[PDB]
């Protein structure tokens, strides 16, 4: 309604019956599959019954509806009970539940967004609460809508630090539309969870992190109804004391049963037991939401004008990123920016200054920042751009990995790439970020070499699906492109050519500029080189690279401010291996660097103008 509807005994009995149907289905499906986690389903059965059939408001026939309450199954291995509630709600055919984990079904082992009732993939534990925080932030501050967000976690799961980043985020940002349900079933996978059934200690941890924390009997439908019924001015933690395998005689509260399906003979006996407890076959109906989520536009986002950079002027691509993102924010209210206490260094502060209501300070918590962004992007409510130093996106790789499994459209800009940052040393130097982002199967990897290309990369990323990464650079370099140069995903640029070119040199960011400097060195020796700027490292403009190489005696030289593995050189090599008369030579950083001036480190690690020149001569000779 709006008033809590205090259930009668018959509604409570129907919720109990529902919980027991959900147990039966979880057992049937995992026994049929021969794999899965029925004991992890069974501890959560009353929680699920009460959320889906008393507390939540949602359209049962339209799970993605923007007005619906959100549910995030953070403990994703309880997928079978998620599937069972959506059957119970009438969305999914009951017979399909028995096809769990089959190649002929979309009821996969863990939830995935090919399912209409799933927004984010889980299965890597500890990430759901951060997505839920993004959904709740969006609900309260962007959509300004009445939907609530519910997130179910395991107790072993609570050992992940990412959970506590989300806990802290929710209290900083007063997410009083967010509820975390903790399934304190005492046990993890291979041993008891550290705190077991020390419910007080869970309470104290949640309260210390700013949450309103309520301990309940997690197998009492009435206590759950009551705890979920009351809204707070705080994010609320329902700390539910449960037993793993609840309702499975001789398995409840026992070790050695995580991720183990009941055999067929045992499932039959247990199901008969559970079924004997059910007092009516009649099912409860879902209740729909208040429809107050606003319309969101779906159109291409265009910069309000061309770049206003002048050739020969100098700007760092990190600063051009912030300028471009702010500019883009004037064109569209969909754009939001997130940063992890690095906004002065990534230049996302420019966006904050101009569009403060759409900036989310995420503090020094990169995992959570990525999960917030994923949650904000769900149901296309926003177009997120996250930023930090590229090196520190390695802290969030599992969140990024899961974001691609979640089919998420997020944009990530990592600054401070390579040794060219200079004096801070290797802890701040991204040397593995191309490897990392190239291995994310939905990614587009932009490596803009000047301020014009950076602005164009921001615009293209905004309109590109999947995981978009933009690699920015700390020092200043010259603008080399005209403001009206056309840029496209998968289209490189030849920035220097002559008919007498003897090598095609591929560089990007600072190494493009070093390659141009090398070309000037070499001209002194009457040696000409073609210089190619890839623009995107993934996808790579294989056609222009090969055409170029055919014009320079088959020779390619790649030079990159990155380690040898998984970067530009390996991408180029895999693209052209086998093409006759095509050779690829490679300059990159061969080991952990050290502090010094940018130019000194480019020299030390063999990727400056003199190293390029020397490599070109050796190929010729």
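Positions refer to the first chain, counted from 1. Rigid core: the largest C-alpha set superposing within 1.5 Å between the two forms.
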Top-deviation stretch by C-alpha RMS in 7 other deposited structures of this protein (rigid core reference), from 253-261, 225-233, is 225-233
Looking only at CA atoms, which has the higher mean B factor in the entry: 225-233 or 316-324? 225-233
Entry-level comparison of average CA B-factors, 75-83 and 515-523, reporting the higher stretch: 515-523
Sort 39, 35, 595, 60 by C-alpha B-factor from the entry and give me just the highest. 60
Which one of 300, 190, 265, 536 shows the biggest C-alpha B-factor in the PDB entry? 300
What third of its chain, lowest, middle or highest, does the C-alpha temperature factor of residue 292 fall into? highest
Among the modelled residues of this chain, does the Cα B factor of residue 176 put it in the lowest, middle or highest third? middle
Third of the chain's Cα B-factor distribution that residue 147 belongs to, per the entry: middle
What third of the chain, by the recorded C-alpha B-factor, contains residue 272? highest
Binned into thirds over the chain's modelled residues, the C-alpha B-factor of residue 353 lands in the highest
